[PDB]
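A.B. asks: Let me begin by handing over the structure; questions about it come next.
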Amino acid sequence: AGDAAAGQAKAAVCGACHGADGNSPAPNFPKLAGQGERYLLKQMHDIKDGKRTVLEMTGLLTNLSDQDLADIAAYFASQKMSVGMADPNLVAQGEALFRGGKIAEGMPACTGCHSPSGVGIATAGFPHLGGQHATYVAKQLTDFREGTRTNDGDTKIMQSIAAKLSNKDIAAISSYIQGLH
Amino acid sequence: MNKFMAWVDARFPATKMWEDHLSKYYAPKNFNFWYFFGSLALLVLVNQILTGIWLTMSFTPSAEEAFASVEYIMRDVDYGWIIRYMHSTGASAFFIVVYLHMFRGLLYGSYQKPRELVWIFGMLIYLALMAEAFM
Amino acid sequence: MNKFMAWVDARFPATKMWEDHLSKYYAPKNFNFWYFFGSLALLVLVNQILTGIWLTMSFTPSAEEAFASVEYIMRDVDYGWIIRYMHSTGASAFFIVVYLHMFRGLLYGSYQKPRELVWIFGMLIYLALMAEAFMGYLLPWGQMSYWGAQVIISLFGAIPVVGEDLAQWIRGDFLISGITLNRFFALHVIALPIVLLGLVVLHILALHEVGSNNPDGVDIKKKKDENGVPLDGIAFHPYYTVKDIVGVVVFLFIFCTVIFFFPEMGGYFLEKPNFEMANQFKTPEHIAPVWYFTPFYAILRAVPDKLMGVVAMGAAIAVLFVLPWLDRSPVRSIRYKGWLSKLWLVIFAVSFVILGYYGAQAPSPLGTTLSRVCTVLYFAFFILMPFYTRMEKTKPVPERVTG
Amino acid sequence: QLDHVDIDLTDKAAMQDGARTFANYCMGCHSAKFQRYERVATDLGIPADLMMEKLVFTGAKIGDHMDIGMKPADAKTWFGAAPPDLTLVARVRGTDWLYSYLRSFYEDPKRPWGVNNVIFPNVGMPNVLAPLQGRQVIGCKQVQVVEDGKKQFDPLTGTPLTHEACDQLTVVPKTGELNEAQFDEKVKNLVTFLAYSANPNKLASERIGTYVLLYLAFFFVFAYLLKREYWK
Amino acid sequence: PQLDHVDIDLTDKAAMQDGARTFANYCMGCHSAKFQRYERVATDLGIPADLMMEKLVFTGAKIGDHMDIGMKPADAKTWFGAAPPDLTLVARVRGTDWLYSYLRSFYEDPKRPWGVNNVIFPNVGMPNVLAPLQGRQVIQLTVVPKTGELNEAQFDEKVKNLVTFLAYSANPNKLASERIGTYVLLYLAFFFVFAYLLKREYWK
Amino acid sequence: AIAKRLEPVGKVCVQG
Amino acid sequence: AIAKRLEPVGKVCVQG
Amino acid sequence: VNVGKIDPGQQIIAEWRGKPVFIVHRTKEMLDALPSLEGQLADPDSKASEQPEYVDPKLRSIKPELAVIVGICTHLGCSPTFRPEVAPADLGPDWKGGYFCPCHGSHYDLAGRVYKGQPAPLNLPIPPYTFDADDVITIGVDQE
Ligand SMILES: COC1=C(OC)C(=O)C(C/C=C(\C)CC/C=C(\C)CC/C=C(\C)CC/C=C(\C)CC/C=C(\C)CC/C=C(\C)CC/C=C(/C)CC/C=C(\C)CC/C=C(\C)CCC=C(C)C)=C(C)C1=O
Ligand code: HEC
Ligand code: HEC
Ligand code: HEC
Ligand code: HEC
Ligand code: HEM
Ligand code: HEM
Ligand code: HEM
Ligand code: FES
């Protein structure tokens with residue numbers, strides 16, 4: 001397990017884009033604060049190994065060892081993700097999709113793997129979603145839908161799930177997640 | 001066998017029933033064409049029971065699958081089309097034979113005394129057949 | 001009405017049948033607790049027929065909807081849960097009543113001359129009942145349903161040459177599937193009910209031909225009064241009709257108690273794993289038969305060899321057919337049989353119960369040892385009957401029934 | 001070793017809390033498809049509009065079955081095992097098993113989802129109630145001292161006399177919304193709702209059976225008199 | 001309306017194969033044949049399984065699958081105003097003569113939603129999907145010259161092959177039915193001779 | 001009372 | 001023979 | 001199933017009869033290790049298991065390169081996890097690739113032969129399959 005105390009010092013470079021505590025101010029940068037340590041470590045390893053492509057992080061994790069990554073992930077997991085605000089015109093559809101999914105299309109609700117409050121399951125590696133920037137969440141859902149992001153494993157959990165989301169569905173659910181807590 | 005039938009007869013009314021109903025049961029010798037239809041109705045009833053049992057092994061009594069299950073009988077079940085045709089043509093033949101049976105009764109007054117109960121049981125059979133065929 | 005009955009009697013032997021079968025039909029007057037079970041078997045058969053007809057109004061015999069249709073009966077159909085519990089509890093009670101009926105036959109030597117044909121028709125009824133219950137248990141399409149059917153039909157794969165082809169032909173598919181479900185539903189809902197009704201008719205007709213046994217084994221027909229009525233005989237109607245009414249009320253009290261308070265009966269009348277939908281790819285940790293098939297299962301499990309296990313399980317039921325010729329006792333009732341017969345009946349009952357008890361659980365060392373011992377004893381009760389029924393000394397049967 | 005739970009099916013508030021827990025934390029992966037929202041509302045005493053607004057998240061009608069969007073095949077691929085329908089799980093496993101299972105999740109890094117279960121070892125279910133219970137681990141904690149069933153309580157305070165044991169489920173402090181008693185009550189309400197769902201006819205069954213048994217005792221009295229008389 | 005008679009030959013494997021091709025290409029877009037399987041159609045038409053999969057299975061289904069289509073009945077009913085019925089049994093619902101006259105009776109009718117009407121099926125919701133082959137048919141029905149790939153005789157042959165395939169689909173057992181019935185009737189005449197002789201002998 | 005008992009877990013913060 | 005008889009109607013031009 | 005495109009040390013999953021069939025392109029080193037694993041298998045010769053009469057008793061496949069095994073663990077019918085790694089940390093040092101059942105920890109070798117003293121009582125099934133061509137197989141029809 002990582003050390004949050006040392007991760008804080010090791011996470012200073014990251015705070016430029018993700019914010020000092022992991023609550024990024026810009027929508028395109030995801031909030032790392034309060035994210036599951038397992039999920040954060042998996043994402044950082046994937047980006048190191050090219051399993052997930054983040055051009056803005058080219059070479060930032062190459063010089064960080066496994067223990068440094070664990071410490072940074074622990075530090076970010078020790079914070080609290082700030083909660084955004086959902087678009088009133090989209091909150092209804094996004095909430096319906098998040099809580100109920102689509103029975104007809106066979107799309108799962110997001111409340112199972114990601115909690116009803118969107119906190120995810122830290123032990124299982126299911127990422128915290130509630131409060132995450134709507135822009136980033138929509139981008140990730142689109143990337144899963146088009147297969148741009150494939151580091152969700154061979155089971156292709158999120159690729160399969162996002163295949164069933166339209167652009168309007170993606171926007172609405174991202175807006176709802178931005179305000180979810 | 002003689003010994004086997006002696007054993008059975010001491011324990012079952014086998015020979016006595018056979019000799020009261022089929023053998024030693026003396027029917028009028030002048031039965032004509034119109035008296036074939038009781039036995040034929042019995043045969044058609046047996047055919048309906050057997051073919052319907054075999055259809056029930058492949059029929060799905062649901063609004064979603066009843067028609068599809070009938071076509072499954074017609075196409076996927078080996079000789080299922082034969083059994084289904086036996087069943088439908090057997091319903092039609094059941095009513096043909098039963099109508100000719102009832103008309104024999106009309107022609108020869110077989111409903112009259114002492115056969116009023118025979119006729120009433122026949123009419124109950126006919127009502128049951130109408131309901132069965134409709135369902 | 002007198003005039004109406006006179007009109008009917010000229011055209012239908014209604015009074016003649018009534019006076020030949022129920023009234024003026026003189027049964028031994030010393031029937032006891034053990035003679036309630038034929039009428040109770042009739043009641044349970046009627047219950048099964050009625051409740052099954054009503055379940056069929058809502059049941060769907062497809063692998064995609066059978067379990068869902070059963071839950072639809074349990075929840076959506078008005079009082080459908082009552083009918084379903086009546087049917088399940090009635091299958092279990094059918095086997096309880098029939099086993100007590102057969103054990104009455106064993107106790108009083110009621111299979112002996114002249115009731116050999118009665119016993120054979122009763123055994124045909126038992127075979128039909130076992131087939132009916134086995135095919136019904138597949139209908140819910142739960143885990144226990146599917147996997148018990150799978151194993152029971154794989155047994156037909158144990159026949160050395162035609163076993164696999166016969167098993168596939170029975171299944172109608174390369175595995176247990178909705179085809180097997182629909183086929184077993186058709187057999188269970190019409191064919192076997194018709195066979196059972198015909199066999200019950202033949203059974204009762206044979207009995208009425210030869211007359212009933214009694215607990216004392218006394219042939220009451222030997223002693224008759226000046227009217228020809230046996231001295232120890234009383235008209236079945238009304239005396240035994242009212243006695244059977246009392247027995248039916250008691251049975252219904254127990255039956256309704258089970259239905260409305262303990263329908264699962266600790267998981268034996270309705271097995272817990274059967275409340276999970278059939279899964280072709282996950283089998284239960286321990287798959288066991290319904291309790292009323294457990295004894296024979298134990299026998300099959302007691303034989304290390306598969307084909308010999310199937311043969312032994314089949315013979316466990318087939319030997320009861322030849323029972324009337326295995327019993328060489330000069331007396332019928334166990335009350336007047338020698339100590340050997342009483343001891344062996346006790347051994348057979350205990351072995352049957354132990355086989356059922358240990359066939360209901362996963363294999364265990366003590367369980368396996370006792371199952372093998374009880375299989376040996378179960379088969380010895382029949383195999384040694386022609387000998388120990390002769391070696392023993394029997395008491396003199398009284399001329400008149402006791403009581 | 002299972003833990004006993006006294007489940008009161010006549011408690012409408014407990015069943016309502018259990019239904020809320022099931023609809024929020026469980027219907028994400030588990031269906032209750034053999035059970036309709038309308039019947040659940042009628043039996044739990046929930047107004048139909050309230051049931052629509054609070055427990056139906058899938059856009060289904062009140063009379064619709066409690067179906068979910070997660071298909072069994074998809075979920076089997078994702079989790080390694082299909083989340084079974086939970087309408088009858090109380091009958092399949094029993095209420096004690098469910099009560100012990102939903103409280104026996106503990107962190108296990110060796111496992112695919114980082115957790116294992118004492119009741120259901122190597123279960124494929126993620127610990128979805130971790131936010132409520134908090135982090136539970138196989139560690140050392142105080143357990144009541146027992147010697148051949150000799151269970152020691154404090155005579156004065158009435159609280160158990162405890163000794164340390166290092167193979168026990170311990171919740172890491174300040175890691176979940178609910179304490180041990182609050183999570184116990186949450187799981188009890190959830191298992192009560194599941195028990196109702198498995199056997200929704202239980203209370204009506206008991207009432208009808210009581211009346212049936214009374215009638216049968218009456219009829220038995222009359223039949224017994226008609227038998228003993230007429231047998232003289 | 002007055003129908004045109006067509007002599008349907010269910011032993012013509014080539015004609016049934018052409019009809020199956022036409023059904024798969026021009027008709028399975030909106031109509032299912034969901035009560036028959038590709039495997040059985042291939043077996044009865046003499047089509048190899050690989051050839052059937054390559055040439056007639058466009059939905060990605062297996063050879064043993066029902067000839068289902070993507071167009072759901074509800075969506076089609078919304079779009080066309082009427083659901084395109086499953087055509088597996090249409091040759092029994094309507095008869096081959098009715099089908100033959102119907103598929104050749106589409107004419108241009110601007111007042112209709114799809115710009116066409118049908119003499120056999122007035123105000124039908126079918127678009128004239130075979131217009132490319134027949135050409136522009138207008139009202140007595142006449143085809144505008146140089147408007148379709150096929151002439152009157154060629155289009156009649158195409159429709160005849162399609163209707164023959166539909167007739168086979170409605171009754172795939174007809175040939176086996178006749179073959180089995182011949183032997184059954186021969187055996188029944190043979191048994192009748194013996195039964196009649198036995199009755200005559202006993203009734204002396 | 002029932003409505004409070006049945007409140008959905010997920011709370012969403014909305015603009016305005 | 002059968003392959004030609006069953007040729008799909010839709011023909012598609014493909015690069016190269 | 002077209003099997004010539006499976007690169008060394010990887011498997012595909014076909015679906016036959018509703019069951020998942022693992023088709024593994026067994027490289028050399030694995031086939032060299034398997035003859036050394038007979039000391040840990042309950043049914044190394046597949047005497048009591050289920051397999052065709054035309055597959056080798058030891059490799060349990062028509063040819064050693066290809067391994068066709070119905071991925072259904074004998075104990076409770078769960079799908080084993082494919083672990084071609086030499087000595088995984090959680091499989092122990094004696095591992096030489098194979099199948100690890102995750103539900104109750106049943107182990108099998110790369111030939112589908114169950115390890116000794118595991119919940120799985122029999123080896124993994126070998127479905128009836130044949131080689132229509134060097135690169136394609138048919139799972140469901142016996143080899144001639
Ligand atoms: C764990 O696991 C285990 C358990 O589980 C959990 C167990 O429980 C058990 C323990 C198991 C038990 C003890 C349970 C036992 C249960 C059973 C016995 C179940 C067995 C049920 C089956 C498998 C069903 C098998 C059925 C078979 C094989 C019989 C098949 C019958 C047919 C298909 C019938 C064929 C149809 C026919 C003949 C058609 C009719 C013919 C005609 C000719 C009709 C008439 C036609 C005409 C009249 C036309 C011709 C006209 C004529 C004749 C000309 C003259 C005219 C005239 C009419 C005179 C074990 C061991 C186990 O380990
Ligand atoms: C409320 C939070 C929940 C309750 C109560 C239950 N679940 Fe789940 N669950 C999930 C999976 C993938 C499985 C299968 C695991 C395996 O088979 O190894 C399960 C299993 C159960 C069981 C066991 C039932 C049995 O008969 O063994 C019970 C009693 C159960 N679950 C109750 C997955 C999920 C899931 C996806 C993230 C959610 C949100 C829940 N389960 C929620 C609940
Ligand atoms: C700007 C130059 C960045 C700096 C400095 C760091 N990161 Fe970042 N990161 C950046 C972007 C634009 C994104 C989103 C990529 C996308 O697909 O849209 C990310 C993403 C991550 C993630 C994934 C978050 C999640 O999946 O929830 C992680 C875990 C992450 N980044 C970690 C991380 C660390 C440890 C950094 C310092 C070593 C760091 N980031 C710096 C942009 C930038
Ligand atoms: C969608 C563009 C269609 C295609 C392609 C084909 N058909 Fe069709 N058909 C379609 C509709 C919407 C309807 C219903 C019209 C109505 O008003 O009800 C139909 C109907 C038929 C029928 C009538 C069957 C009956 O009424 O019982 C037949 C016989 C028929 N269609 C045949 C047919 C053939 C042979 C096709 C390929 C040449 C074909 N259809 C294509 C829609 C569409
Ligand atoms: C079952 C398991 C599900 C369910 C039903 C949903 N998701 Fe989620 N999701 C899941 C996993 C295992 C992961 C991790 C992927 C990885 O390791 O790379 C995710 C991830 C996401 C993300 C990305 C989060 C981030 O980048 O910070 C998003 C935005 C996301 N999931 C959204 C989402 C939505 C909208 C869902 C309902 C439509 C949903 N998920 C369901 C696993 C699962
Ligand atoms: C007097 C006795 C019976 C008569 C007159 C009768 C009549 C009919 C008729 C007319 C049909 C409609 C068939 C069709 O149009 O396709 C039918 C259907 C059916 N019958 Fe009966 N029937 C009888 C007995 C039975 C029995 C005893 C069974 C089952 C044991 C049975 C099972 C079925 C089934 C499954 C169907 C639906 C499948 C089909 O339509 O072929 N029938 N019956
Ligand atoms: C001797 C007579 C019968 C016996 C012993 C018997 C036994 C059984 C048993 C044990 C089950 C399994 C029930 C369960 O566990 O859920 C069952 C199911 C069923 N039976 Fe029968 N049955 C008999 C007669 C009939 C008849 C005559 C019918 C219809 C005419 C019928 C219709 C059904 C149906 C529809 C089911 C499925 C629904 C259910 O499982 O409750 N049964 N039967
Ligand atoms: C399963 C449905 C059955 C029904 C409805 C039925 C019905 C009856 C009835 C009403 C009686 C007369 C009253 C009585 O003795 O209890 C009777 C007698 C008898 N039954 Fe059953 N029976 C059934 C099954 C069996 C079976 C399975 C056996 C034996 C294998 C059997 C063997 C006998 C014998 C031997 C008698 C006459 C014995 C005596 O007179 O003491 N029956 N049966
Ligand atoms: S599922 Fe493989 S050992 Fe149980």
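Letters A, B, ... go to the chains of the structure tokens in the order shown; residues in each chain start at 1; ligands are counted from 1 in the same order.
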Check which residues fall inside 8 Å of ligand 5 when counting only C-alpha atoms and all ligand atoms, and print them as a ChimeraX atom specification.
C.D. replies: /A:30-32,35,39,42-43,52,97-98,101,107-114,124-129,132,136-141,149-153,157-158,161-162,165,170,173-174,177 /D:28-29,70,75,78-79
A.B. asks: Report as number ranges by chain all protein, DNA and RNA residues lying within 7 Å of segment 68-83 of chain B, evaluated on only C-alpha atoms, omitting residues in the same chain fewer than 5 positions from it.
C.D. replies: B: 51, 58-60; E: 35
A.B. asks: Leaving out segment 2-18 of chain B and any residue of its chain fewer than 5 positions from it, which residues lie within 6 Å of it when counting only C-alpha atoms, given as a list in words?
C.D. replies: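 Answer for this query is residues 23 of chain B; 206 and 210 of chain C.
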A.B. asks: Now that the selection is made, can you save its residues with C-alpha atoms as a PDB file, in the first residue's frame?
C.D. replies:
```
ATOM      1  CA  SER B  23     -68.372 -62.243 -26.716  1.00  0.00           C
TER       2      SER B  23
ATOM      3  CA  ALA C 206     -59.351 -56.577  -8.785  1.00  0.00           C
ATOM      4  CA  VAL C 210     -61.172 -60.900  -4.507  1.00  0.00           C
TER       5      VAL C 210
END
```
A.B. asks: Quick one: residues within 7 Å of ligand 2, with only C-alpha atoms and all ligand atoms, as an mmCIF file with N, CA, C and O atoms, in the first residue's frame?
C.D. replies:
```
data_model
loop_
_atom_site.group_PDB
_atom_site.id
_atom_site.type_symbol
_atom_site.label_atom_id
_atom_site.label_comp_id
_atom_site.auth_asym_id
_atom_site.auth_seq_id
_atom_site.Cartn_x
_atom_site.Cartn_y
_atom_site.Cartn_z
ATOM 1 N N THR A 111 -25.494 2.342 -11.041
ATOM 2 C CA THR A 111 -25.522 2.294 -9.585
ATOM 3 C C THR A 111 -25.004 0.980 -9.019
ATOM 4 O O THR A 111 -24.719 0.919 -7.819
ATOM 5 N N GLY A 112 -24.873 -0.061 -9.834
ATOM 6 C CA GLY A 112 -24.360 -1.323 -9.344
ATOM 7 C C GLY A 112 -22.865 -1.293 -9.110
ATOM 8 O O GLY A 112 -22.402 -1.397 -7.970
ATOM 9 N N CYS A 113 -22.096 -1.151 -10.189
ATOM 10 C CA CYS A 113 -20.643 -1.140 -10.065
ATOM 11 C C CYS A 113 -20.153 0.173 -9.470
ATOM 12 O O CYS A 113 -19.274 0.180 -8.603
ATOM 13 N N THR D 21 -33.136 -0.047 0.143
ATOM 14 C CA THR D 21 -31.772 -0.548 0.021
ATOM 15 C C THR D 21 -31.619 -1.436 -1.206
ATOM 16 O O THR D 21 -30.628 -1.335 -1.933
ATOM 17 N N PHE D 22 -32.584 -2.323 -1.445
ATOM 18 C CA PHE D 22 -32.514 -3.199 -2.607
ATOM 19 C C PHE D 22 -32.572 -2.400 -3.903
ATOM 20 O O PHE D 22 -31.815 -2.670 -4.842
ATOM 21 N N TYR D 25 -28.934 -0.095 -3.873
ATOM 22 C CA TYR D 25 -27.639 -0.756 -3.815
ATOM 23 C C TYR D 25 -27.614 -2.118 -4.492
ATOM 24 O O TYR D 25 -26.526 -2.660 -4.693
ATOM 25 N N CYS D 26 -28.762 -2.691 -4.828
ATOM 26 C CA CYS D 26 -28.810 -4.067 -5.306
ATOM 27 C C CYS D 26 -29.338 -4.200 -6.719
ATOM 28 O O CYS D 26 -28.839 -5.031 -7.479
ATOM 29 N N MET D 27 -30.337 -3.408 -7.097
ATOM 30 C CA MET D 27 -30.906 -3.546 -8.426
ATOM 31 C C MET D 27 -29.969 -3.055 -9.519
ATOM 32 O O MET D 27 -30.329 -3.127 -10.696
ATOM 33 N N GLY D 28 -28.784 -2.560 -9.162
ATOM 34 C CA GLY D 28 -27.786 -2.273 -10.177
ATOM 35 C C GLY D 28 -27.345 -3.520 -10.920
ATOM 36 O O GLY D 28 -27.159 -3.496 -12.138
ATOM 37 N N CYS D 29 -27.174 -4.627 -10.196
ATOM 38 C CA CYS D 29 -26.791 -5.900 -10.789
ATOM 39 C C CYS D 29 -27.839 -6.989 -10.637
ATOM 40 O O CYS D 29 -27.922 -7.864 -11.499
ATOM 41 N N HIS D 30 -28.632 -6.965 -9.572
ATOM 42 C CA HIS D 30 -29.579 -8.027 -9.270
ATOM 43 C C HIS D 30 -30.987 -7.619 -9.664
ATOM 44 O O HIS D 30 -31.448 -6.529 -9.325
ATOM 45 N N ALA D 75 -23.357 -9.695 -17.256
ATOM 46 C CA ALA D 75 -22.849 -9.669 -15.892
ATOM 47 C C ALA D 75 -21.994 -10.890 -15.585
ATOM 48 O O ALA D 75 -21.040 -10.791 -14.809
ATOM 49 N N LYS D 76 -22.324 -12.049 -16.158
ATOM 50 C CA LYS D 76 -21.473 -13.219 -15.977
ATOM 51 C C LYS D 76 -20.102 -12.987 -16.590
ATOM 52 O O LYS D 76 -19.077 -13.351 -16.001
ATOM 53 N N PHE D 79 -18.334 -10.143 -14.139
ATOM 54 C CA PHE D 79 -18.031 -10.488 -12.757
ATOM 55 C C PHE D 79 -17.464 -11.890 -12.596
ATOM 56 O O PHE D 79 -16.996 -12.226 -11.503
ATOM 57 N N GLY D 80 -17.493 -12.709 -13.642
ATOM 58 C CA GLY D 80 -17.134 -14.105 -13.532
ATOM 59 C C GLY D 80 -18.269 -15.006 -13.102
ATOM 60 O O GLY D 80 -18.139 -16.232 -13.205
ATOM 61 N N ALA D 81 -19.374 -14.439 -12.624
ATOM 62 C CA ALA D 81 -20.554 -15.205 -12.258
ATOM 63 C C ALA D 81 -21.766 -14.297 -12.392
ATOM 64 O O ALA D 81 -21.711 -13.123 -12.021
ATOM 65 N N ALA D 82 -22.849 -14.841 -12.925
ATOM 66 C CA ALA D 82 -24.052 -14.044 -13.130
ATOM 67 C C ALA D 82 -24.686 -13.708 -11.784
ATOM 68 O O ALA D 82 -24.918 -14.612 -10.975
ATOM 69 N N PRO D 83 -24.978 -12.440 -11.502
ATOM 70 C CA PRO D 83 -25.720 -12.113 -10.283
ATOM 71 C C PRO D 83 -27.113 -12.712 -10.335
ATOM 72 O O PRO D 83 -27.941 -12.302 -11.162
ATOM 73 N N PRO D 84 -27.414 -13.687 -9.481
ATOM 74 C CA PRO D 84 -28.716 -14.354 -9.569
ATOM 75 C C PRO D 84 -29.862 -13.410 -9.255
ATOM 76 O O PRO D 84 -29.711 -12.425 -8.528
ATOM 77 N N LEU D 86 -32.842 -12.147 -7.260
ATOM 78 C CA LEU D 86 -32.908 -12.130 -5.805
ATOM 79 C C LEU D 86 -34.333 -12.176 -5.272
ATOM 80 O O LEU D 86 -34.535 -11.982 -4.070
ATOM 81 N N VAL D 89 -34.151 -15.476 -3.341
ATOM 82 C CA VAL D 89 -32.884 -15.815 -2.701
ATOM 83 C C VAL D 89 -33.084 -16.110 -1.223
ATOM 84 O O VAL D 89 -32.346 -16.911 -0.639
ATOM 85 N N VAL D 92 -33.967 -19.643 -1.308
ATOM 86 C CA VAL D 92 -32.868 -20.482 -1.782
ATOM 87 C C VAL D 92 -31.824 -20.665 -0.687
ATOM 88 O O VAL D 92 -31.361 -21.781 -0.427
ATOM 89 N N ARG D 93 -31.434 -19.570 -0.032
ATOM 90 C CA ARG D 93 -30.359 -19.583 0.948
ATOM 91 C C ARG D 93 -30.835 -19.486 2.387
ATOM 92 O O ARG D 93 -30.106 -19.910 3.287
ATOM 93 N N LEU D 98 -28.337 -15.113 4.322
ATOM 94 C CA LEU D 98 -28.229 -13.791 3.710
ATOM 95 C C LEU D 98 -27.704 -12.766 4.706
ATOM 96 O O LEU D 98 -26.847 -11.938 4.370
ATOM 97 N N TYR D 101 -24.077 -13.359 5.135
ATOM 98 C CA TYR D 101 -23.323 -13.137 3.909
ATOM 99 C C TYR D 101 -23.125 -11.653 3.640
ATOM 100 O O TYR D 101 -22.027 -11.227 3.266
ATOM 101 N N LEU D 102 -24.172 -10.849 3.827
ATOM 102 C CA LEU D 102 -24.068 -9.423 3.551
ATOM 103 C C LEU D 102 -23.254 -8.678 4.597
ATOM 104 O O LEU D 102 -22.947 -7.498 4.391
ATOM 105 N N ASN D 122 -14.683 -16.898 -1.869
ATOM 106 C CA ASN D 122 -14.372 -16.682 -3.280
ATOM 107 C C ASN D 122 -15.612 -16.290 -4.078
ATOM 108 O O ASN D 122 -15.716 -16.590 -5.270
ATOM 109 N N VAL D 123 -16.563 -15.615 -3.433
ATOM 110 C CA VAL D 123 -17.737 -15.131 -4.145
ATOM 111 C C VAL D 123 -17.311 -14.090 -5.173
ATOM 112 O O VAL D 123 -16.359 -13.327 -4.968
ATOM 113 N N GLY D 124 -18.022 -14.061 -6.297
ATOM 114 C CA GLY D 124 -17.751 -13.114 -7.355
ATOM 115 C C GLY D 124 -18.402 -11.763 -7.184
ATOM 116 O O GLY D 124 -18.308 -10.923 -8.082
ATOM 117 N N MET D 125 -19.062 -11.526 -6.057
ATOM 118 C CA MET D 125 -19.794 -10.289 -5.809
ATOM 119 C C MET D 125 -18.857 -9.229 -5.236
ATOM 120 O O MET D 125 -18.145 -9.506 -4.264
ATOM 121 N N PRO D 126 -18.814 -8.023 -5.800
ATOM 122 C CA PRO D 126 -18.086 -6.936 -5.136
ATOM 123 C C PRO D 126 -18.798 -6.484 -3.872
ATOM 124 O O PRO D 126 -20.019 -6.593 -3.743
ATOM 125 N N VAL D 128 -20.530 -4.156 -2.346
ATOM 126 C CA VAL D 128 -21.235 -2.938 -2.743
ATOM 127 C C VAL D 128 -21.773 -2.148 -1.564
ATOM 128 O O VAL D 128 -22.184 -0.996 -1.744
ATOM 129 N N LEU D 129 -21.783 -2.726 -0.365
ATOM 130 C CA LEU D 129 -22.194 -2.019 0.838
ATOM 131 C C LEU D 129 -21.004 -1.533 1.653
ATOM 132 O O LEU D 129 -21.179 -1.121 2.803
ATOM 133 N N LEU D 190 -32.921 -5.107 4.823
ATOM 134 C CA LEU D 190 -32.766 -5.645 3.475
ATOM 135 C C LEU D 190 -33.147 -7.119 3.420
ATOM 136 O O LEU D 190 -33.852 -7.555 2.501
#
```
A.B. asks: Kindly provide, as a PyMOL selection string, all nucleotide and amino acid residues lying within 9 Å of ligand 4, counting only C-alpha atoms and all ligand atoms.
C.D. replies: chain E and resi 22-31+76-77+79-87+89-91+93-94+98-100+102-103+121-130+159+162-163+166
A.B. asks: Write out as a list in words which residues come within 10 Å of segment 4-14 of chain G when counting only C-alpha atoms, dropping same-chain ones fewer than 2 positions away.
C.D. replies: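 Counting only C-alpha atoms, the residues come to residues 14, 15, 17, 18, 19, 20, 21, 22, 24, 25, 26, 47, 51, 52, 54, 55, 56 and 58 of chain E; 1, 2 and 16 of chain G.
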A.B. asks: Residues at most 7 Å from ligand 9, using only C-alpha atoms and all ligand atoms? Could they come as a ChimeraX atom specification?
C.D. replies: /H:73-80,101-106,119-120
A.B. asks: Within 8 Å of ligand 1, counting only C-alpha atoms and all ligand atoms: which residues, as a PyMOL selection string?
C.D. replies: (chain B and resi 43+46-47+50) or (chain C and resi 127-128+130-135+144-145+147-153+155-156+166-167+170+184+287-290+293-298+300-301+310+313-314) or (chain E and resi 191)
A.B. asks: Mind listing the residues within 6 Å of ligand 6, only C-alpha atoms and all ligand atoms counted, as a list in words?
C.D. replies: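 The residues within 6 Å of ligand 6, counting only C-alpha atoms and all ligand atoms, are residues 45, 48, 49, 52, 53, 55, 56, 59, 70, 84, 88, 91, 129, 132 and 133 of chain B; 190 of chain C.
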A.B. asks: Hey, what's within 10 Å of segment 19-25 of chain A if we count only C-alpha atoms and toss same-chain stuff fewer than 6 positions away? As a count of residues only, please?
C.D. replies: 21
